[PDB]
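Undergrad:
Residue numbers (the entry's author numbering): 1 to 207.
In structure tokens, the structure reads:
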């Protein structure tokens with residue numbers, strides 16, 4: 001599958017692509033404003049994620065640090081990033097279908113559109129100014145808007161025992177972005193696409 005990753009933001013981002021135990025393609029790339037990065041994602045990739053990282057720096061060896069989404073201090077991400085991270089999530093060629101979503105479960109840093117570039121399913125978007133409206137407790141000092149599980153680390157917010165429900169924090173994310181997951185047990189907003197679709201992830205999509 002082809003994924004085009006496009007930075008329309010005014011700021012540089014450092015894009016990242018991983019399936020949790022390995023990079024997808026080169027794993028990461030600096031994208032100045034307006035730049036794009038086209039990657040190949042193998043068919044059958046399950047549990048893949050693409051995200052933006054903000055305000056990073058790296059040395060010539062590719063080691064450094066990002067204020068949002070850092071992935072073990074690497075330019076070329078192997079592993080998932082530190083919240084807050086708006087997440088494009090995908091599992092491909094799963095019994096004939098691809099499954100895509102945007103999630104705010106790990107917070108929000110950069111507005112995002114995640115759409116097919118082939119036919120036959122919708123895209124989804126979370127492009128409201130979540131950072132600017134972020135409630136105080138959720139603001140991340142390094143920038144962005146943390147999810148409540150990261151901040152409070154109890155099942156009320158993390159949904160690890162019992163049956164969590166919405167909170168005033170999850171409801172905030174859901175109000176601003178109805179089409180993205182706001183907590184683990186949110187009503188799903190996953191889209192089923194034809195197997196072997198191609199996609200575009202756009203940071204700061206055009207309104």
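Yeah, the Cβ is synthetic: ideal placement off N, Cα and C, and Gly gets one too.
Can at least three beta-carbon pairs, one atom from the region 156 to 173 and one from the region 88 to 101, be found at a separation below 8 angstroms?
TA: The region 156 to 173 is not in contact with the region 88 to 101.
Undergrad: Helix, strand or coil for residue 181? Go by DSSP, reduced to three states.
TA: On the chain shown, residue 181 is found 181 positions in, with the first residue counted as 1. It is a strand residue.
Undergrad: Could you tell me which residues DSSP puts in a beta bridge with residue 36?
TA: Counting from one through the chain shown, the residue named residue 36 turns up at place 36. 6, per the DSSP bridge assignment.
Undergrad: With contact counted as at least three CB pairs below 8 angstroms, one residue from each stretch, are the region 101 to 117 and the region 23 to 31 in contact?
TA: Touching, no, given that fewer than three Cβ pairs across the two stretches are closer than 8 angstroms.
Undergrad: Go ahead and label residue 46 buried or exposed: buried means 16 or more other beta carbons lie within 10 angstroms of its beta carbon, across all protein chains shown.
TA: On the chain shown, residue 46 is found 46 positions in, with the first residue counted as 1. Looking at its Cβ environment, which holds fewer than 16 other Cβ atoms inside 10 Å, residue 46 is exposed.
Undergrad: Report the residue from 178, 203, 140, 183 whose alpha carbon sits nearest the alpha carbon of residue 156.
TA: Walking along the chain shown from the start, residue 156 turns up at place 156. Closest by alpha carbon: 183.
Undergrad: What is the residue span of the beta strand (DSSP E) that residue 42 lies within?
TA: For the purposes of this step, residue 42 is taken as residue 42 along the chain shown, with counting starting at 1. From DSSP, residue 42 is part of no beta strand (DSSP E); its letter is neither H nor E.
Undergrad: Please name the residue or residues paired with residue 50 in a DSSP beta bridge.
TA: Numbered from its first residue, the chain shown carries residue 50 at position 50. Its beta-bridge partners are 17, 88.
Undergrad: Using the beta-carbon count (16 or more within 10 Å), is residue 185 buried or exposed?
TA: Mapped onto the chain shown, residue 185 falls at position 185. When all chains shown are included, residue 185 counts as exposed.
Undergrad: Does DSSP put residue 12 in a helix, in a strand, or in coil?
TA: Here residue 12 is taken as the residue at index 12 of the chain shown, counted from 1. DSSP places residue 12 in coil when its eight states are reduced to three.
Undergrad: Could you work out which residue in 51, 67, 137 is closest to residue 150 when comparing CA atoms only?
TA: Here the question's residue 150 lines up with position 150 in the chain shown. Of the listed residues, the one whose Cα sits closest to residue 150 is 137.
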